[PDB]
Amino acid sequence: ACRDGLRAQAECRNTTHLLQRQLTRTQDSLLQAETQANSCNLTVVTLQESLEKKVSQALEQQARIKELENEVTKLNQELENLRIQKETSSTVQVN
């Protein structure tokens, strides 16, 4: 009889009911994932900020190392010059 109809209507009502709950739960999971992505992005920006500072600082240090190397070379040459002056202090032309 119309028993078949009542059963079909119940099935459809149950299915829509279930789908609504699944939809709400999936949307909630979506928003949770988006919340995680947002937080992660701030972490990325913070790391990028710190890396920029360190990259600049490393370059500054390399310039300073170069400056100091040049000074050590200069002072070593001055010491070497004094040693050579002593080495040659008795050297004359004899021919």
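Note that residue numbering follows the sequence shown and begins at 1.
Here the stretch with the larger average CA B-factor, out of 27-35 and 58-66, is 58-66.
Comparing 49-57 with 36-44, the higher mean C-alpha B-factor in the PDB entry belongs to 49-57. Looking at the C-alpha B-factors along this chain, the one for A10 belongs to the highest third. Ranked within its chain, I84 lands in the highest third, by CA B factor from the PDB record. Ranked by C-alpha B-factor against the other modelled residues of its chain, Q77 falls in the highest third.
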